[PDB]
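To keep things clear, I will list the structure first and then write my remarks on it.
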Amino acid sequence: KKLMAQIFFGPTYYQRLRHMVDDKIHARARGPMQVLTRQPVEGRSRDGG
Amino acid sequence: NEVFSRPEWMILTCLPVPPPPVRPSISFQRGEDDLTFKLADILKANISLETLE
RNA sequence: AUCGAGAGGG
DNA sequence: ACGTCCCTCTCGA
């Protein structure tokens, strides 16, 4: 079917940015443990809370 | 207070030595903790004065 | 690993 | 006198 609304359409220049979800995701349930505070540890890097 | 906070004890005669968990060491062969080094400096600053007097 | 400084992300 | 919450990187004793 057609669309009762027409659509504005052209080639706008876009750009990839440096944020990938797979680079951002992270999970943790028990895991690495700091030594003076005995709590979890900081960041996706060191895989923590 | 008659037991929990005498005033006479805002003067430190004996000193509490906190244990390793307060001031651990980490393998960097090791390497003690800011509060460890400081207390040797106190036990070096004390001794010298122990004998002077 | 620890502290110190630095750029970005909503 | 303390001076918004969290998060991802990168680098010098």
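Residues are named by chain letter and number: chains run A, B, ... in the order of the structure tokens, numbers start at 1 in each chain, and ligands are numbered from 1 in the order shown.
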
Please check the contacts: residues of chain A at most 12 Å away from chain C, using only C-alpha atoms (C1' of nucleotides), listed as a list in words.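 Here is what falls inside 12 Å: residues 17, 18, 19, 20, 24, 34, 35, 36, 41 and 46 of chain A.
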
Selection near residue 22 (chain B), 12 Å with only C-alpha atoms (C1' of nucleotides), sequence-local residues under 5 positions removed, as an MDAnalysis selection string: (chainID A and resid 35:38) or (chainID B and resid 17 32:36)

Restrict the distance test to only C-alpha atoms (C1' of nucleotides), flag each residue of chain B within 12 Å of chain C, and return the flagged residues as a PDB file with C-alpha atoms, in the first residue's frame.
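Ended up saving to out08.pdb:
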```
ATOM      1  CA  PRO B  24      48.466  -3.833  53.693  1.00  0.00           C
ATOM      2  CA  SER B  25      51.322  -4.574  51.313  1.00  0.00           C
ATOM      3  CA  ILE B  26      51.089  -5.368  47.603  1.00  0.00           C
ATOM      4  CA  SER B  27      53.566  -7.080  45.215  1.00  0.00           C
ATOM      5  CA  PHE B  28      55.070  -4.176  43.151  1.00  0.00           C
ATOM      6  CA  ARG B  30      56.421  -6.379  48.052  1.00  0.00           C
ATOM      7  CA  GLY B  31      55.728  -2.787  49.214  1.00  0.00           C
ATOM      8  CA  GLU B  32      54.124  -1.610  52.463  1.00  0.00           C
ATOM      9  CA  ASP B  33      51.455   1.065  52.990  1.00  0.00           C
ATOM     10  CA  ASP B  34      51.523   4.819  53.532  1.00  0.00           C
TER      11      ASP B  34
END
```

Would you list which chain A residues are within 9 Å of chain D using only C-alpha atoms (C1' of nucleotides), as a PyMOL selection string? chain A and resi 23-24+43-44

To test your reading of the structure, identify every residue in chain A that backbone DSSP assigns to alpha helix (DSSP H), and report it as a PyMOL selection string. chain A and resi 21-24

To one decimal place, how far is CA of residue 31 (chain A) from CA of residue 45 (chain A) in Å?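 One can read the CA of residue 31 (chain A) to CA of residue 45 (chain A) distance as 12.8 Å.
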
With only C-alpha atoms as the atoms that count, which of B:19, B:13, B:50, B:43 lies nearest to chain A?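 Closest residue, counting only C-alpha atoms: B:19.
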
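Interatomic distance, CA of residue 28 (chain A) against CA of residue 48 (chain A): 6.2 Å.
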